[PDB]
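Trainee: One structure follows; several queries about it will come next.
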Amino acid sequence: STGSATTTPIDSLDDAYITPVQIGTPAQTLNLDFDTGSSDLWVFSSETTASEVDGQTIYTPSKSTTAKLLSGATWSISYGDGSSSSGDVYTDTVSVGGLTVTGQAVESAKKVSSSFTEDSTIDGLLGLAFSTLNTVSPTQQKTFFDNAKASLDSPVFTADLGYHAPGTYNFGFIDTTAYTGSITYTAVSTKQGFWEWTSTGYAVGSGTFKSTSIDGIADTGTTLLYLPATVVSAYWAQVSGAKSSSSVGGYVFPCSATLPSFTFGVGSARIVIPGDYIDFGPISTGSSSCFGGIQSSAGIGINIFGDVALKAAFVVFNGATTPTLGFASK
């Protein structure tokens, strides 16, 4: 089997992407944030504290003939940005782009933090990291991909995120029309539960490539590119007036700037992030200070190849017995 679903930016900045997901019988379609940096499929629901729902579409398990309470199971998750959610668990039928999993754990939120409430466009998350990170207790649950894998034509999914445009998540096949040149594959460590890999270096604009190992994670659920302070300083030094602002929470730059590109290495291959992808717009409405899309990972504890990086590539998440990651230009 295979599946193919379009993923759409939630706003004009590509802050996140939503993908429609069918849950239950008859189908309830919710727009979920596919997150290769976590491993829980959770939804706003009929159980979510009413004051914490503001415009989201909810899953109502009592209206699904295939929903079953997973008795005694609870979940609770905290994300890198400080947001969180928690609740109980149902199993139900879940379909993405025509690919169906029966008995998928659907984590029903009883509580969500303010960042989730405030984002009316995101009805929940669909985790695509390794199932070892799943938070369900006392019986850990599998991701949608893990459950689907055996049925897939090939044990893979791909992320093809758009810049200010829709893109695609495919399951079970590689669309050879969706990228240019060849795919370069690179080793993955699953030791921390992430799609963790080592970039071979970087360049700023038309500058020379610096060969240096940068361990980080491929994370579709993180908006920006978070890299070591040395790398980030070298980038922003090429933008007149750019500076790190403790009050704003990162590097800012004059909105009048033309940003240089940023290149990262994948083995001997190179992925180029155009300068425009690194512009996250005014820090506050009408400001002439703009927020940068490359930020320091110092104090996160891990480097994160988030959407800014991934959307410059066609990315293969290879879940074969020894997982790997593939990157191609597009």
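FYI, nothing fancy with the structure tokens labels: chains A, B, ... in order, residues from 1 per chain, ligands from 1 as they appear.
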As number ranges by chain, please: every residue in stretch 4-222 of chain A that a backbone DSSP assignment puts in strand (DSSP E).
Mentor: A: 4-9, 17-23, 28-35, 41-43, 68-78, 84-96, 99-112, 124-127, 156-160, 167-171, 184-187, 196-204, 210-218
Trainee: Set the distance at 10 Å and use only C-alpha atoms: which residues neighbour residue A:17 once local chain neighbours fewer than 3 positions away are removed? I'd like the list as a list in words.
Mentor: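 Near residue A:17, the qualifying residues are residues 6, 7, 8, 9, 10, 11, 14, 31, 32, 33, 34, 35, 121, 122, 161, 162, 165, 166, 167, 220, 221, 223 and 307 of chain A.
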Trainee: Store the residues of this selection in a file with C-alpha atoms, as a compact mmCIF listing (two decimals), in the first residue's frame.
Mentor:
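The resulting selection_33.txt:
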# COMPACT_ATOMS: atom_id res chain seq x y z
CA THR A 6 -0.92 17.41 0.62
CA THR A 7 0.54 19.49 3.44
CA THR A 8 -0.26 23.21 3.61
CA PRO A 9 1.42 26.09 5.51
CA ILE A 10 -0.76 27.43 8.32
CA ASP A 11 0.17 31.06 7.65
CA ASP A 14 5.30 28.79 7.02
CA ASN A 31 -5.80 18.88 10.18
CA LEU A 32 -2.71 17.61 11.95
CA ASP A 33 0.85 18.87 12.26
CA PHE A 34 3.07 16.00 11.06
CA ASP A 35 6.06 16.03 13.40
CA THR A 121 -5.47 25.93 12.42
CA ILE A 122 -3.81 22.94 14.15
CA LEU A 161 7.55 20.86 2.18
CA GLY A 162 6.83 23.99 0.17
CA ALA A 165 3.20 26.88 -0.92
CA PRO A 166 1.67 23.44 -0.38
CA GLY A 167 3.77 20.30 -0.45
CA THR A 220 9.31 18.76 10.49
CA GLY A 221 7.60 20.02 13.65
CA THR A 223 9.87 25.91 12.20
CA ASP A 307 11.33 23.39 8.26
Trainee: Which residues in stretch 195-318 of chain A does DSSP call alpha helix (DSSP H)? List them as a PyMOL selection string.
Mentor: chain A and resi 229-236+307-310
Trainee: Any chance you could export the current selection's C-alpha atoms as a tab-separated table (two decimals), in the first residue's frame?
Mentor:
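Okay, out22.tsv is ready:
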chain	number	residue	atom	x	y	z
A	229	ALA	CA	26.49	29.38	17.82
A	230	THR	CA	29.70	29.48	15.77
A	231	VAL	CA	27.84	28.60	12.55
A	232	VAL	CA	24.97	30.99	13.25
A	233	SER	CA	27.33	33.88	14.05
A	234	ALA	CA	29.18	33.27	10.77
A	235	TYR	CA	25.87	33.46	8.89
A	236	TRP	CA	24.52	36.65	10.48
A	307	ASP	CA	11.33	23.39	8.26
A	308	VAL	CA	13.66	26.16	7.05
A	309	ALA	CA	16.17	23.48	6.08
A	310	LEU	CA	13.85	20.63	5.15
Trainee: Taking only C-alpha atoms into account, name the residue in A:213, A:170, A:297, A:199 that is nearest to residue A:98.
Mentor: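 Selected residue with least distance to residue A:98: A:170.
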Trainee: So how many Å separate atom CA of residue A:277 and atom CA of residue A:292, to one decimal?
Mentor: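 Calculated distance between atom CA of residue A:277 and atom CA of residue A:292 is 9.5 Å.
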Trainee: Residues at most 9 Å from residue A:112, counting only C-alpha atoms, excluding those fewer than 6 positions away in the same chain, as a VMD selection string?
Mentor: chain A and resid 44 48 to 49 52 to 53 83 to 87
Trainee: Could you save those same residues with N, CA, C and O atoms as a compact mmCIF listing (two decimals), in the first residue's frame?
Mentor:
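Listing of selection_33.txt after writing:
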# COMPACT_ATOMS: atom_id res chain seq x y z
N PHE A 44 -7.16 17.46 19.47
CA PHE A 44 -8.26 18.14 20.13
C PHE A 44 -9.49 17.25 20.03
O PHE A 44 -9.70 16.57 19.02
N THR A 48 -11.54 17.70 25.43
CA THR A 48 -10.64 18.82 25.72
C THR A 48 -11.37 19.91 26.51
O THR A 48 -12.46 20.34 26.14
N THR A 49 -10.76 20.33 27.62
CA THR A 49 -11.27 21.44 28.43
C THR A 49 -11.81 22.54 27.54
O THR A 49 -11.08 23.08 26.71
N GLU A 52 -10.08 25.74 26.55
CA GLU A 52 -8.80 25.57 25.86
C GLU A 52 -8.98 25.24 24.38
O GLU A 52 -8.01 25.01 23.66
N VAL A 53 -10.24 25.23 23.94
CA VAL A 53 -10.56 25.06 22.52
C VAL A 53 -11.01 26.41 21.96
O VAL A 53 -11.88 27.07 22.53
N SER A 83 5.53 24.11 25.00
CA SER A 83 4.12 23.75 24.95
C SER A 83 3.93 22.32 25.43
O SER A 83 4.88 21.55 25.54
N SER A 84 2.68 21.97 25.70
CA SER A 84 2.36 20.67 26.28
C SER A 84 0.90 20.32 26.08
O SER A 84 0.07 21.19 25.80
N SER A 85 0.60 19.04 26.26
CA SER A 85 -0.76 18.54 26.21
C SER A 85 -0.78 17.18 26.90
O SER A 85 0.26 16.55 27.10
N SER A 86 -1.98 16.73 27.27
CA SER A 86 -2.13 15.46 27.96
C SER A 86 -3.57 14.98 27.89
O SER A 86 -4.48 15.76 27.61
N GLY A 87 -3.78 13.70 28.15
CA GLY A 87 -5.12 13.16 28.15
C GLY A 87 -5.18 11.66 28.26
O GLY A 87 -4.32 11.04 28.87
Trainee: Using only C-alpha atoms for the distances, tell me which of A:76, A:261, A:93, A:208 is nearest to residue A:107.
Mentor: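 Counting only C-alpha atoms, the residue closest to residue A:107 is A:76.
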Trainee: Excluding residue A:138 and any residue of its chain fewer than 6 positions from it, enumerate the residues within 8 Å of it, using only C-alpha atoms, and give them as a PDB file with N, CA and C atoms, in the first residue's frame.
Mentor:
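Dumped everything to selection_16.pdb:
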ATOM      1  N   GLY A  72      -7.261   2.579  30.813  1.00  0.00           N
ATOM      2  CA  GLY A  72      -6.183   2.851  31.740  1.00  0.00           C
ATOM      3  C   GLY A  72      -5.018   3.631  31.168  1.00  0.00           C
ATOM      4  N   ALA A  73      -5.011   3.854  29.863  1.00  0.00           N
ATOM      5  CA  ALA A  73      -3.884   4.515  29.224  1.00  0.00           C
ATOM      6  C   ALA A  73      -4.001   6.033  29.316  1.00  0.00           C
ATOM      7  N   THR A  74      -2.895   6.679  29.653  1.00  0.00           N
ATOM      8  CA  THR A  74      -2.835   8.134  29.659  1.00  0.00           C
ATOM      9  C   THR A  74      -1.578   8.571  28.926  1.00  0.00           C
TER      10      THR A  74
END
Trainee: Rounded to one decimal, what separation in Å do you get between atom CA of residue A:195 and atom CA of residue A:251?
Mentor: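 Going from atom CA of residue A:195 over to atom CA of residue A:251, I get 26.3 Å.
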Trainee: Atom CA of residue A:25 and atom CA of residue A:102, how far apart in Å?
Mentor: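 Computing the Euclidean distance for atom CA of residue A:102 and atom CA of residue A:25 yields 11.0 Å.
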